[PDB]
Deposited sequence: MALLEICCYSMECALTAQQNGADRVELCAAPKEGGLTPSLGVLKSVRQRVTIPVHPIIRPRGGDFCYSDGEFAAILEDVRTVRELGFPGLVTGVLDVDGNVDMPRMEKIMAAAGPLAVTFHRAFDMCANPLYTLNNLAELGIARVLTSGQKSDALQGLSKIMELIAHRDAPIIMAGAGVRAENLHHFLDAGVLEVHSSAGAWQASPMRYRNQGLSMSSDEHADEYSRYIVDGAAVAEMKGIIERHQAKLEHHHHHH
C-alpha cells in the first residue's frame, strides 16, 4: 500500500519524505482541517520536496458548498498548482443536498489538466456513496480520500471495503485516524493507499508569556512505512 502523509509545512513535508512517505498532501491551517497553502509555501515545497506532493485546494473550513467568489479562487488555485508543476491536487465540491456538484467539478478537472486529482473527505459528507463513486469515475478522479463515511476510517472499514469492491471507481484511500496501531486492519482489507497525519505536538519556544505547533512525527512515518513494507513482504 502507498503511504500518504498530510503535512502542514514544507519542513514537515521534507520530514515525511526522509522517513519513507510515498506521497504528501500539502495543507495549511490544521485547526480548519486543511486549507490551501499560500503561494510562498507552494513554491517552497516545489523547490524542497521531490516525492509527489498534492496540495489541497480549499479556501475555508466548514462545508464544501462554495460561493461563486470562493469558486473563482479555487479555479485560479487549480491552474496555479498545475502551473507550478505539482503532480496532483486535492479538492471537492458538493451541492446543498450532499451530491457532488458535477458542473463545478468538471470545471476543476478541466483546469487541472493532466494532474492526478484526489476527491477528499467531502466524500464522507456526501449522500449515495456508490452513485458518487460512479460520478467521480466519470469526472476522471484518480483517488478518493475517505473514512467510510464514519468518524474514523477504522469504524468505516466495512464501508471502505464496499467501495473498493464497487466496479468502475477511482482508487480508495483510507483516511481519518489512521496510525501505526491500526494500519494492519487496512492492509489486510486490501486498501491500496492510506492517509495519515503522523501528528505530534511541538511545544512553543516562547519564554515570555501562542500555543503548541502541530507537526509531523518522523518516527511515526518511518514506523508506518515499516509496517507496510513487512506486510508487503509477507503477502
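- Where C-alpha coordinates are absent, the deposited sequence of this PDB chain has the segments 1, 211-223, 250-256.
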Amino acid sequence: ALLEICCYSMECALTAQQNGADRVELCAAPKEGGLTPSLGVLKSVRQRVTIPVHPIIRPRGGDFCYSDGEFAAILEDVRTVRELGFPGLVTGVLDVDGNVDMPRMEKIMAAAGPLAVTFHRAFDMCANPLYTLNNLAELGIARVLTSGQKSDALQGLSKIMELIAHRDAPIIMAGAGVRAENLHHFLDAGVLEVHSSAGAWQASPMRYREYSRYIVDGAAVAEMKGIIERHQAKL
From here on, numbers count along this sequence of modelled residues.
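- Of the two segments, 222-230 and 9-17, the one listed with the higher mean B-factor is 222-230 (C-alpha atoms only).
- Higher mean CA B-factor, judged across 187-195 and 48-56 from the recorded values: 187-195.
- Note on the listed residues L145, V100, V96, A73: the highest Cα temperature factor in the record is that of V96.
- Between the residues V78, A165, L115, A153, it is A165 that shows the highest Cα B-factor in the PDB record.
- Residue-level temperature factors show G34 in the middle third of its chain, judged at the C-alpha atom.
- In the PDB entry, a CA B factor belonging to the lowest third of its chain's modelled residues is recorded for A110.
- Residue-level temperature factors show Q149 in the highest third of its chain, judged at the C-alpha atom.
- When the CA B factors of the chain's modelled residues are split into thirds, the value for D217 lands in the highest one.
- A127: CA B factor in the highest third of modelled residues in this chain (values from the PDB entry).
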